[PDB]
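Encoded as structure tokens, the structure appears first; notes follow it.
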Amino acid sequence: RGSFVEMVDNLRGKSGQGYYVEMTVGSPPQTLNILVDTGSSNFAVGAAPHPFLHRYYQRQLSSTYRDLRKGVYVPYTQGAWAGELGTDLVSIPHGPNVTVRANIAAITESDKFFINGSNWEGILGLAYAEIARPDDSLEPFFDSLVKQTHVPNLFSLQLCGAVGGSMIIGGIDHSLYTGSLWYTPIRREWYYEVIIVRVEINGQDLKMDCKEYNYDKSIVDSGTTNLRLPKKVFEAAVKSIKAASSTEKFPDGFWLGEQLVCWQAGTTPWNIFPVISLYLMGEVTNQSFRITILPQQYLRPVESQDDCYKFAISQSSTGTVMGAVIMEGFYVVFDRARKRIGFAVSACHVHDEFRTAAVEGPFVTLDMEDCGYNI
Ligand SMILES: CC(=O)Nc1c(Cl)cc(CNC(=N)NC(=O)Cn2ccc3ccccc32)cc1Cl
């Protein structure tokens, strides 16, 4: 097909448990399944037995492993891991045709990091050095890839929900999207930080100050499932989504993600839930565009003749997180070279006969520079 055809369909995963790519480390080769995470910046792999790991990195068997003689610890809200730094040869067999020497954290102990049944054994942090542990001197994988090889400073992700998808490294594959790509600036190179300028539920403006949408940052994060929204925005969004779906009644805990609702197999009334639109800052002054997702993105199937769903928009205290709920509607281009993120309708996104995810523009939005949080 296209020149990047061998990278198509190189991602796998279980719904809600993350998308992973095969990476081959060391010499002789040790291939592991690695979570693709645009929300972090460390390359780390399980390196000792764990109940949830089918396999792990064995440094003593790798002739090319070099010990950096330094520990590393990486905390999150929901888990953490500890390990040991070194470097080794790394290739991605269904990625670019190169081999690089990369930093690698060998995970030796962990708490609620690995996921039983997820089939991944490590994490590939694709964001920038600023948020690497132990500090920004530990060069992230993609930075090593670009520094050591000819591979262009860009990658793109098509996450196909219920899983699989494509990580195209060094370019764009045009079979993965329809319509046009629309770009938003990367505000600052740490997370993949962006600026949300307007939010609509079924076309109805939430009417909050755009500063609220980005308090205290908005990021694109493939390593987390939900669309996470700052508290005030979450509360307003839930009120609006409830209003739009009021022909049906759901318990309060459903909107909190604490209760599931199930339908008999194949009867989910998708039409009664609204679409959700985020407007993003464009590349020209006073110009924006909007991305729109369906309930097929934000209502997640969990684990018979009953189809149970979890509401996957949740409250955040660390800003807006555009997780898989957002990314599964779109082909997302991380154009690091031009400091921008592109969105187009995904050729694989889950939809129905009546509605589709959308990327539309341009719109006119004034004073967008004020939406961003400072310090
Ligand atoms: C079991 C589990 O969640 N493992 C895990 C995975 Cl799969 C990825 C990561 C890396 N994290 C991200 N890429 N993004 C976030 O953690 C986004 N985030 C930021 C705050 C927060 C709170 C609850 C859930 C997610 C939250 C951390 C962990 Cl501990």
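Sequential numbering from 1 along the given sequence is applied to the chain's residues.
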message: One thing to verify: whether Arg12 and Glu22 come together as a salt bridge, which I'm taking to mean a side-chain N less than 4.0 angstrom from a carboxylate O.
response: no

Check: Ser222 main-chain N/O paired with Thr38 side-chain donor or acceptor under 3.5 Å: yes

- request: Is it possible for you to say whether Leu89 and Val21 belong to one hydrophobic cluster, with membership spreading through side-chain heavy-atom contacts below 4.5 Å?
  value: no

- request: Treat each ILVMFWY residue as a node, draw an edge where side-chain heavy atoms are under 4.5 Å apart, and state whether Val98 and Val146 are in one component.
  value: yes

- prompt: Which atoms form the tightest heavy-atom contact between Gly46 and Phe114, and what is the distance?
  reply: CA-CZ, 3.9 Å

- request: May I have the step-by-step check of side-chain hydrogen bond (donor to acceptor under 3.5 Å, both in side chains) for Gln296 and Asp352, ending in yes or no?
  value: CA-CA 9 Å; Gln296 282 92 334; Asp352 57 47; 2.9 Å; yes

- prompt: Relative to the ring of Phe311, is the ring of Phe254 parallel (under 30°), tilted (30 to 60°) or perpendicular (over 60°)?
  reply: tilted

message: Run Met208 and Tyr213 through side-chain contact (heavy atoms from CB on, under 4.5 Å) and show every step you take.
response: CA-CA 8 Å; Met208 304 180 65; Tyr213 299 145; 3.6 Å; yes

field: Test: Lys217 cationic atom under 6.0 Å from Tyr373 six-membered ring centre, within 45° of axis
entry: no

field: Pair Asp209 + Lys232, salt bridge at N-O below 4.0 Å
entry: no

Ring centre gap for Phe343 and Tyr177 strictly below 6.0 Å: no

query: So, does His349 use its side chain to make a donor-acceptor pair with the main chain of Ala357 at under 3.5 Å?
result: yes

statement: side chain to side chain contact (heavy atoms under 4.5 Å, CB included) test vs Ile34 passes for just one of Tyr19, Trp120, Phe43, namely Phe43

- line: In short, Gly16 meets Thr225 closest at the heavy-atom pair O-OG1, 3.3 Å

- prompt: In terms of side-chain geometry, is the basic nitrogen of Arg188 or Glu130 positioned less than 4.0 Å from the acidic oxygen of its partner?
  reply: yes

message: Please report whether the ring centroid of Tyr309 lies less than 6.0 Å from that of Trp270.
response: yes

query: Roughly how far apart are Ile196 CD1 and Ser288 OG, rounded to 0.5 Å?
result: 12.5 Å

task: May I have the step-by-step check of ring-ring contact (aromatic ring centres under 6.0 Å, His included) for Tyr76 and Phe113, ending in yes or no?
output: CA-CA 9 Å; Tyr76 315 93; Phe113 178 67; 5.7 Å; yes

field: Main-chain N/O of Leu126 paired to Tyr192 side chain as donor or acceptor, under 3.5 Å
entry: yes

- request: Report the distance from atom CD1 of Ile276 to atom CZ of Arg290, rounding to the nearest 0.5 Å.
  value: 14.0 Å

message: Given 3.5 Å as the limit, does a donor-acceptor pair link the side chain of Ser156 with the main chain of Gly171, or not?
response: yes

- prompt: Does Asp370 offer a backbone N or O that forms a donor-acceptor pair with the side chain of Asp367 under 3.5 Å?
  reply: no

Student check: side-chain heavy atoms of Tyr331 and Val345 closer than 4.5 Å: no

query: side-chain contact (heavy atoms from CB on, under 4.5 Å) with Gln287: which residues, sequence neighbours excluded?
result: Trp182, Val284, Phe289, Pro362

message: Applying side-chain contact (heavy atoms from CB on, under 4.5 Å) to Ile341 and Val333, what does each step give before you reach the verdict?
response: CA-CA 5 Å; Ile341 298 182; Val333 180; over 6 Å; no

- prompt: Honestly curious: do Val90 and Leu61 fall in one hydrophobic cluster under the side-chain, below-4.5 Å linking rule?
  reply: no

message: Can you list everything that forms a salt bridge (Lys or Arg N to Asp or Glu O under 4.0 Å) with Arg198? Sequence neighbours excluded, please.
response: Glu200, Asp205

query: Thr24 versus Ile92: any side-chain heavy-atom pair under 4.5 Å?
result: no

message: Hydrogens and angles aside, do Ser40 and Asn42 bring a side-chain donor and acceptor to less than 3.5 Å of each other?
response: no

field: Pairwise side-chain contact, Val45 with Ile107, heavy-atom cut-off 4.5 Å (strictly under)
entry: no

message: Under a 3.5 Å distance rule, please check whether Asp37 uses its side chain to pair with a backbone N or O of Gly39 as donor and acceptor.
response: yes

- prompt: Hey, quick one: are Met327 and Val350 part of the same hydrophobic cluster, counting side-chain heavy atoms closer than 4.5 Å, chains of contacts allowed?
  reply: no

- request: Would you confirm whether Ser245, through its side chain, and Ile241, through its main-chain N or O, come within 3.5 Å as a donor-acceptor pair?
  value: yes

query: For the residue pair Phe234 and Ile313, what are the closest heavy atoms and their distance?
result: CE1-O, 3.3 Å

field: Verdict with supporting geometry, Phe330 and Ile291, side-chain contact (heavy atoms from CB on, under 4.5 Å)
entry: CA-CA 9 Å; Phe330 311 105; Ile291 63 175; 3.6 Å; yes

query: For the side chain of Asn226 and the backbone of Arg228, is there at least one donor-acceptor N/O pair under 3.5 Å apart?
result: no

Residues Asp88 and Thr64: side-chain donor-acceptor under 3.5 angstrom: yes

message: Any non-hydrogen side-chain atom of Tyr215 less than 4.5 Å from a side-chain atom of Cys210?
response: no

statement: Minimal heavy-atom distance between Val197 and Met281, with the atoms involved, is CG1-N, 4.1 Å

query: Any luck finding a side-chain donor-acceptor pair between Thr87 and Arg101 under 3.5 Å?
result: yes

message: Please tell me whether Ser27 and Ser62 have a donor and an acceptor in their side chains that are separated by less than 3.5 angstrom.
response: no

message: Under the criterion salt bridge (charged side-chain N to carboxylate O under 4.0 Å, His left out), I'd like the reasoning laid out for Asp143 against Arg336: C-alpha separation, chi angles, the key distance, then a yes or no.
response: CA-CA 10 Å; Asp143 288 82; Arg336 291 161 55 107; 3.2 Å; yes

task: Give the cluster check for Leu159 versus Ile172: same hydrophobic cluster or not, with ILVMFWY residues linked at side-chain heavy-atom distances below 4.5 Å.
output: yes

query: What distance separates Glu121 CD from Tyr20 OH, expressed to the nearest 0.5 Å?
result: 8.5 Å

statement: Between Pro274 and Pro295 the two heavy atoms that sit nearest each other are O-CD, 3.6 Å

task: State, to 0.1 Å, how close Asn33 and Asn119 come at their nearest heavy-atom pair, and which atoms those are.
output: ND2-O, 2.9 Å

query: Residues two or more places apart in sequence or in another chain: which of them pass ring pair (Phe, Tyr, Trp, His ring centres under 6.0 Å) with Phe142?
result: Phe155

- request: Give a yes or no on whether a salt bridge exists between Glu328 and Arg300, defined as a side-chain N under 4.0 angstrom from a carboxylate O.
  value: yes

task: Tell me yes or no: between the side chains of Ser91 and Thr99, is some donor less than 3.5 Å from an acceptor?
output: no

- request: I would like to know whether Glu84 and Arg69 meet salt bridge (charged side-chain N to carboxylate O under 4.0 Å, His left out); could you show each step before the answer?
  value: CA-CA 7 Å; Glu84 295 162 3; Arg69 305 183 305 274; over 6 Å; no

- prompt: Got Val8 and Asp173 here, is their nearest side-chain heavy-atom distance under 4.5 Å?
  reply: yes

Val72 vs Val74, side-chain contact (heavy atoms from CB on, under 4.5 Å): CA-CA, chis, key distance, verdict: CA-CA 7 Å; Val72 58; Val74 181; 4.2 Å; yes

message: Any heavy-atom pair between the side chains of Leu206 and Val233 that's under 4.5 Å?
response: yes

message: So does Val275 get a backbone contact from the side chain of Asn202, meaning a donor-acceptor N/O pair under 3.5 Å?
response: yes

- prompt: Do the side chain of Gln204 and the main chain of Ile201 share a donor and acceptor less than 3.5 angstrom apart?
  reply: no

